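Asker: Give me coordinates for this.
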Amino acid sequence: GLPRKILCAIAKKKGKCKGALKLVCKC
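Answerer: Numbers count the residues shown, from 1 in each chain. Next comes the structure:
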């Protein structure tokens, strides 16, 4: 599967760092 770090990396790159991913990716 995809680790939260990888999810955050993808979200960070794609600009999909929202919600919890916003907190983690710090967008």
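
Asker: Residue 18: neighbour count?
Answerer: Residue 18 sits with 11 neighbouring residues when counted by other Cβ atoms under 10 Å. The C-beta positions use only the backbone N, C-alpha and C, and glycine is treated the same way.

Asker: check contacts around it.
Answerer: Neighbouring residues of residue 18 by Cβ atoms under 8 Å, 6 or more residues apart in numbering: 11, 27.

Asker: Look at it and give its secondary structure.
Answerer: State at residue 18, reduced to three classes by DSSP: H, G, I helix; E, B strand; the rest coil: coil.

Asker: from the chain's centre, how far out does the longest helix seen in the chain sit?
Answerer: Longest helix in the chain, counting residues (DSSP state H): helix 4-14. With Cα atoms, centre = their mean, to the nearest Å as the basis, helix 4-14 stands 4 Å off its chain's centre.

Asker: Residue numbering should commence at 59 henceforth.
Answerer: OK, 59 is where the count begins now, so the last one is helix 62-72.

Asker: If you count contacts, what does that helix end up packed against?
Answerer: Here helix 62-72 touches helix 78-83, going by 3 or more Cβ pairs under 8 Å, 6 or more residues apart in numbering; DSSP states H and E.

Asker: Any chance you could list what contacts the helix it packs on?
Answerer: Helix 78-83 is contacted by residues 62, 65-66, 69-70, 75, 85 when judged by Cβ under 8 Å, 6+ apart.

Asker: which of the residues in it are buried?
Answerer: Under the neighbour-count criterion of 16 or more other Cβ atoms under 10 Å, helix 78-83 has 79, 83 buried.

Asker: now do stretch 67-79
Answerer: Across stretch 67-79, burial judged by 16+ other Cβ under 10 Å covers 69, 75, 79.

Asker: what's the first-to-last distance across that stretch?
Answerer: The straight-line separation of the ends of stretch 67-79 (Cα to Cα, to the nearest Å) is 9 Å.

Asker: Equivalent analysis for stretch 70-85, please.
Answerer: With Cα to Cα as the measure, stretch 70-85 spans 8 Å from end to end.
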